[PDB]
Ligand SMILES: CCCCCCCCCCCCCC(=O)OC[C@H](COP(=O)(O)OCC[N+](C)(C)C)OC(=O)CCCCCCCCCCCCC
Ligand SMILES: CCCCCCCCCCCCCC(=O)OC[C@H](COP(=O)(O)OCC[N+](C)(C)C)OC(=O)CCCCCCCCCCCCC
Ligand SMILES: CCCCCCCCCCCCCC(=O)OC[C@H](COP(=O)(O)OCC[N+](C)(C)C)OC(=O)CCCCCCCCCCCCC
Ligand SMILES: CCCCCCCCCCCCCC(=O)OC[C@H](COP(=O)(O)OCC[N+](C)(C)C)OC(=O)CCCCCCCCCCCCC
Ligand SMILES: CCCCCCCCCCCCCC(=O)OC[C@H](COP(=O)(O)OCC[N+](C)(C)C)OC(=O)CCCCCCCCCCCCC
Ligand code: NA
Ligand code: NA
Ligand code: NA
Ligand code: NA
Ligand code: NA
Ligand code: NA
Ligand code: NA
Ligand code: NA
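Residue numbers (the working numbering), protein chains in the order written: chain D, 65 to 285; chain V, 65 to 285; chain A, 65 to 285; chain H, 65 to 285.
In structure tokens:
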């Protein structure tokens with residue numbers, strides 16, 4: 065019977081039907097946002113959702129027999145697998161984080177549809193030639209996060225009280241968001257030389273970012 | 065008589081006259097801004113405006129006889145047509161949006177003048193090789209807008225109470241405007257892990273923008 | 065005697081002496097910033113300044129005889145000329161704007177020193193192949209400035225009350241500075257669809273900027 | 065005995081041991097951040113730290129005998145030397161800046177590990193072909209800092225009262241952070257034409273940054 069199901073799974077109908085459900089489930093997910101819609105067509109949509117996930121677990125099961133070991137060596141299938149399993153976890157229990165991560169299954173639209181695969185693939189293939197710079201950056205943040213924590217955390221707990229708060233804050237400074245009016249001007253009211261820490265930080269982190277972007281421009285070319 | 069008008073329309077004088085009215089109408093539109101100017105030369109300018117639009121409907125009518133089917137297959141002509149038709153709708157009725165969309169006819173300066181067409185054309189031709197990325201991005205926002213709405217909308221209605229509000233807020237975050245001091249620091253006062261949602265969002269959305277620009281740099285070359 | 069002065073003007077000493085005064089005057093200008101320095105060495109520096117400008121008017125006069133018509137066809141000489149004339153206007157009278165524009169003479173360091181000329185020249189030569197885009201942008205701003213003025217100026221005078229205030233505000237939105245928390249969120253409290261005006265504005269203006277930068281990247285390459 | 069130590073120092077074990085201590089010290093530096101961890105394992109970590117720095121002074125001393133004059137002509141060795149010497153200065157005395165600059169020794173991970181050297185080297189080699197532009201920029205800030213100080217410092221001391229304050233504020237404006245809502249809108253309430261100073265400043269400074277990046281894009285290619 066292997067070939068009988070294999071010709072189902074491999075068919076255009078099968079794929080088109082799945083893509084059809086993605087778009088349908090996607091639309092219905094946005095409708096579940098409205099409190100109004102849910103007081104009317106609430107149960108309609110709730111049952112519709114348990115229907116789709118069933119059709120998708122079957123689909124994933126059918127796909128696995130047809131592909132066996134090849135399935136679990138396909139990034140796109142693994143994604144499909146993990147995103148459907150997330151969606152499988154019971155409505156209650158633990159936390160509702162899982163209930164929300166369910167919406168991630170709309171990314172199956174990238175999986176099921178080629179051309180989307182193409183862009184995602186292109187975007188991703190750029191990432192390996194970045195990891196050395198990313199690593200450098202992460203070491204850099206880690207070193208300045210520790211300095212900021214022990215230089216400013218006592219008198220500025222919310223922003224630098226903790227290694228994590230300092231990472232967060234340093235990230236924010238990197239995006240240049242309120243770095244002066246909101247963080248460094250207030251800091252200087254106690255520590256007039258705080259600028260000797262953040263200006264060089266901003267220069268480096270910006271300089272790197274420019275280089276990182278240049279990398280992708282030159283390397284893709 | 066066809067050719068008699070065709071030599072009018074196709075002439076150098078004709079175009080130069082029209083461009084002359086654009087610049088004249090454009091200048092007059094900026095003066096209609098001054099409350100002072102309107103209490104003096106109010107009626108002067110109001111009559112001048114109904115005159116020009118008449119001259120432009122004639123022009124569009126003349127252009128259509130001379131070009132017929134070719135006219136409505138010319139992007140620039142269509143623009144000219146639609147931007148003049150907007151301007152034709154009566155002074156009152158419905159809303160005053162139409163009175164304002166009238167000023168869009170100054171983009172007729174781009175139509176009437178070559179060299180302008182060229183740059184607009186150059187800018188636009190870049191857009192097809194972007195739609196896959198734009199599509200990816202739009203799906204991306206939609207998935208995160210839905211997550212944010214159901215994760216933050218209850219306790220943060222202004223920013224995430226509604227799918228549209230979440231789209232808006234997520235857009236703002238993408239521009240990096242006040243994303244931390246204005247949105248994510250407040251959110252974390254209730255949801256200490258909100259940062260697990262917005263930092264990866266900012267990374268992805270930034271990464272893409274960088275790639276999108278790299279695309280245009282490499283692809284234009 | 066022409067050649068006698070021409071060999072003075074053309075000498076290394078002459079140029080080196082002038083550059084020496086630039087750096088000296090530049091340093092002294094920063095010292096004139098200190099209220100403390102001026103209560104001590106105030107008169108020392110004040111006389112020193114009238115000395116230098118004299119040496120520079122002579123220099124410009126000497127240079128003109130040696131170059132005649134060629135002088136006033138040299139951008140760098142013209143700059144040198146106009147920046148020294150600004151500096152010549154009496155200490156009082158009219159406004160003190162002139163007293164401040166004097167510091168612009170430190171840009172003579174770019175003039176007098178080659179290599180600086182080289183970078184400035186390189187930076188400038190890029191500008192012609194931008195003017196079509198700049199023109200487009202300026203028309204664009206002008207059209208949206210007028211729309212914003214008549215859509216938001218009544219209820220938001222500070223930001224859109226006037227064509228100029230609208231230009232200013234639209235510029236600010238373009239830099240993405242507080243565009244949402246500071247301008248468009250407040251606007252939406254009265255005009256819930258204000259977002260239909262500013263989001264498309266931001267997209268266009270950003271898109272253009274990206275293209276403009278791409279232009280310089282591809283064209284220099 | 066020279067060669068006896070040279071085979072120690074030059075060995076694979078030796079380097080691997082040192083990198084092992086870097087990562088160990090780095091990890092331990094991040095734990096010294098926790099107030100909790102220090103009341104427990106406080107002395108454990110404090111002793112561990114004086115141990116490592118000893119091991120590193122030995123290492124630097126061993127490396128110097130093996131390399132002599134070549135050592136102090138190696139950028140990476142010099143860094144190693146200076147970053148370890150910082151770490152040597154006694155726990156108290158003067159200020160605690162030295163205690164903090166100690167954490168800079170984690171950049172030893174860049175020294176000790178190849179591939180890291182490569183990226184740092186790649187990033188740095190880009191800097192020479194920038195110094196002309198940096199120089200132009202520095203002159204530029206200096207001229208405008210002086211203008212801003214004497215135009216705005218009297219009525220706006222916090223932001224422009226002093227040449228250094230003006231440098232700081234002008235830097236912030238360059239990052240575009242709150243330049244309008246936070247600095248130029250307030251300034252205009254007293255000086256309605258302040259915009260004639262900051263808009264052209266923002267244009268020039270932005271233009272240059274764009275060019276500077278274009279330089280690195282074209283020049284790296
Ligand atoms: C890799 C480059 C970036 C690394 C640069 C790190 C430099 C850190 C700058 C210090 C910023 C503020 C730190 C600070 O503690 O505040 C200023 C202190 C004065 O306060 P402090 O003495 O700490 O005691 C606090 C008492 N209170 C609350 C009443 C002020 O007094 C000072 O801290 C003065 C600091 C001036 C010397 C710093 C210049 C050294 C640059 C590093 C050179 C080697 C690496 C490149
Ligand atoms: C490639 C094309 C790009 C065009 C470049 C755009 C440059 C436009 C600069 C206009 C900026 C002036 C705005 C301003 O100063 O405040 C707004 C004022 C309102 O002041 P207000 O006190 O209410 O009354 C003015 C009194 N009056 C009429 C006797 C002068 O109201 C006015 O000033 C109205 C002045 C409007 C003149 C605009 C002329 C631009 C030519 C347009 C060329 C293309 C047309 C399609
Ligand atoms: C590679 C990226 C790494 C992250 C991927 C997923 C990792 C999942 C970690 C999540 C674990 C912690 C999240 C969590 O506990 O939920 C926190 C809240 C839900 O409310 P909750 O904190 O339980 O209620 C406290 C407030 N109260 C008591 C006053 C009601 O809701 C929140 O704000 C959580 C923040 C959202 C993050 C949860 C995952 C969404 C991220 C999906 C996209 C990530 C990149 C693609
Ligand atoms: C290529 C290298 C890049 C390295 C990647 C950097 C990622 C580091 C993530 C650290 C973020 C965690 C920060 C955080 O959660 O809050 C700060 C806490 C303070 O909390 P606290 O309540 O005060 O006490 C902690 C209790 N304890 C010790 C028993 C666990 O204090 C701590 O959590 C201290 C934890 C520090 C562990 C850091 C390990 C990073 C390895 C460094 C590798 C390179 C070394 C040269
Ligand atoms: C191509 C760029 C075009 C601009 C180039 C130069 C054009 C010169 C136009 C200046 C004419 C108007 C300036 C002016 O009136 O001075 C305004 C104030 C001085 O105080 P003032 O307004 O007289 O006092 C009123 C306040 N009160 C009564 C309470 C004391 O001080 C100010 O805030 C004026 C704002 C500074 C602009 C003056 C020129 C400096 C720009 C130099 C760099 C421009 C680009 C390189
Ligand atoms: Na301030
Ligand atoms: Na703050
Ligand atoms: Na805060
Ligand atoms: Na807020
Ligand atoms: Na808000
Ligand atoms: Na506001
Ligand atoms: Na305001
Ligand atoms: Na302020």
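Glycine residues also receive a C-beta, built at the ideal position from the N, C-alpha and C atoms.
Going by DSSP, what residue range makes up the alpha helix (DSSP H) through residue i?
i	result
residue 148/V	139 to 150
residue 195/H	195 to 216
residue 160/A	Premise fails: residue 160/A is in no alpha helix (DSSP H) and is neither H nor E.
residue 123/V	106 to 131
residue 287/D	Any question about residue 287/D goes unanswered here, given that chain D covers just 65 to 285.
residue 67/A	66 to 73
According to DSSP, is residue i helix, strand or coil?
i	result
residue 255/A	coil
residue 222/D	helix
residue 191/A	coil
residue 285/V	coil
residue 175/H	helix
residue 244/V	helix
residue 93/D	helix
residue 153/D	coil
residue 98/V	coil
Measure the beta-carbon distance from residue i to residue j and round it to whole angstroms, keeping in mind my assumption that it falls under 8 Å.
i	j	result
residue 109/V	residue 88/V	Not really, about 11 Å apart at Cβ, beyond 8 Å.
residue 224/D	residue 239/D	That belief does not hold up - the Cβ atoms of residue 224/D and residue 239/D are roughly 17 Å apart, past 8 Å.
residue 242/D	residue 244/V	7 Å
residue 288/D	residue 117/H	Residue numbering for chain D in the displayed model covers 65 to 285; residue 288/D lies beyond these limits and cannot be assessed.
residue 235/D	residue 263/V	7 Å
Open item on the list: Along the stretch 235 to 246 of chain D, where does the CB come closer than 8 Å to a CB of chain V? Name the residues.
Closed with: 235, 236, 239, 240, 241, 242, 246
Open item on the list: For the stretch 173 to 201 of chain V, list every residue whose C-beta sits within 7 Å of some C-beta in chain D, in sequence order.
Closed with: 196, 197, 200
Task: chain H contacts made by the stretch 266 to 282 of chain D, where a contact means CB separation under 9 Å - done: 266, 270, 271, 272, 274, 275, 277, 278, 279, 281, 282
Task: Any heavy atom of ligand 2 nearer than 7 Å to the CB - residues listed - done: 86/V, 87/V, 89/V, 90/V, 91/V, 94/V, 95/V, 97/V, 98/V, 99/V, 100/V, 101/V, 170/V, 173/V, 199/A, 202/A, 203/A, 206/A, 226/A, 227/A, 228/A, 231/A
Task: Within 8 Å of chain A by C-beta, residues of the stretch 119 to 132 of chain H in sequence order - done: none
TODO: Please list, following the chain, all residues that have a C-beta closer than 6 Å to any non-hydrogen atom of ligand 5.
DONE: 159/A, 161/A, 215/H, 254/H, 255/H, 257/H, 258/H, 260/H, 261/H, 264/H
Task: Members of the stretch 208 to 224 of chain H near chain A, C-beta cut-off 7 Å - done: 210, 211, 213, 214, 215
TODO: Output the residues surrounding ligand 11, defined as those with a CB atom closer than 6 Å to any ligand heavy atom, in chain order.
DONE: 246/A, 250/A
Open item on the list: Output needed in chain order: residues of the stretch 79 to 108 of chain A with a Cβ under 9 Å from some Cβ in chain V.
Closed with: none
TODO: Using a Cβ-Cβ cut-off of less than 7 Å, list which residues of the stretch 245 to 259 of chain H approach chain D; keep chain order.
DONE: 246
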